[PDB]
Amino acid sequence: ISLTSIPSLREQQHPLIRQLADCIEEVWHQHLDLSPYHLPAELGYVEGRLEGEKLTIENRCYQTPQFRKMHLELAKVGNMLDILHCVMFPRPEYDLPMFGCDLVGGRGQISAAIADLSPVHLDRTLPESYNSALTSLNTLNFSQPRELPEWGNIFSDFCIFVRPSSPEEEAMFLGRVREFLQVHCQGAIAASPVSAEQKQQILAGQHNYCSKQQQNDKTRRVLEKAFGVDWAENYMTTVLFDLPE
């Protein structure tokens, strides 16, 4: 209604987080036709406290003709915790996978980095064009991979889940996230809407992805500790992993 600009949280964050945020937004802008997507005013920028430390959450969302919602979340808890979270939710008329990536860190280290193009079918197949493109990519040599949890059958075979040990690995990870985004943007630009029947299915796959993510994302615990259980529940179901209707 009346707005002030302040600098982005990403300036106070681990450099890989800043670089990824800038990179995600740069690819979005370059390939897609972005409009604002509005969250309730109260939720674009969130301040709280946790063990005396300042908690900050900065949310940025967009939409396109192909994407219902493109969400970039940055969070910071004093200097104990840095988080980047990113999800792209296609419109269910489009046979597109779900792009997601997460970075968790604190203290000049990163403990967890994940990136995927997660399938919208239960069989776990991606479209053909994605398969060729992703398989064509140089296979990357990560030293400290991590095992997906058993609720993680929502992820594709290309999913990357690592703890980056060096800045070489950090750069490898960032490079790969970028490749995923480029392939995904090309995918989106080439997609035609499907029949009202296939859209019913696309809508099941997304529903599956979002419920599994709600049930299991770990930011929940952080949010509960900051704001209580209901606030955290509401945030999980209406901001982070909202059901496609």
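Numbers follow the displayed sequence, beginning with 1.
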Highest mean C-alpha temperature factor of the two stretches 68-76 and 104-112, which is it? 104-112
Could you check which stretch, 200-208 or 37-45, carries the larger mean CA temperature factor in the entry? 37-45
Compared with the other modelled residues in the chain, in which third is the CA B-factor of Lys218? highest
Going by the recorded CA B-factors, say which third of the chain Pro164 sits in, lowest, middle or highest. highest
Relative to the other modelled residues of the same chain, rank the CA B-factor of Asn234 and answer lowest, middle or highest third. lowest
Binned into thirds over the chain's modelled residues, the C-alpha B-factor of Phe89 lands in the lowest
Chain-relative C-alpha B factor for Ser118 (record values, thirds): the lowest
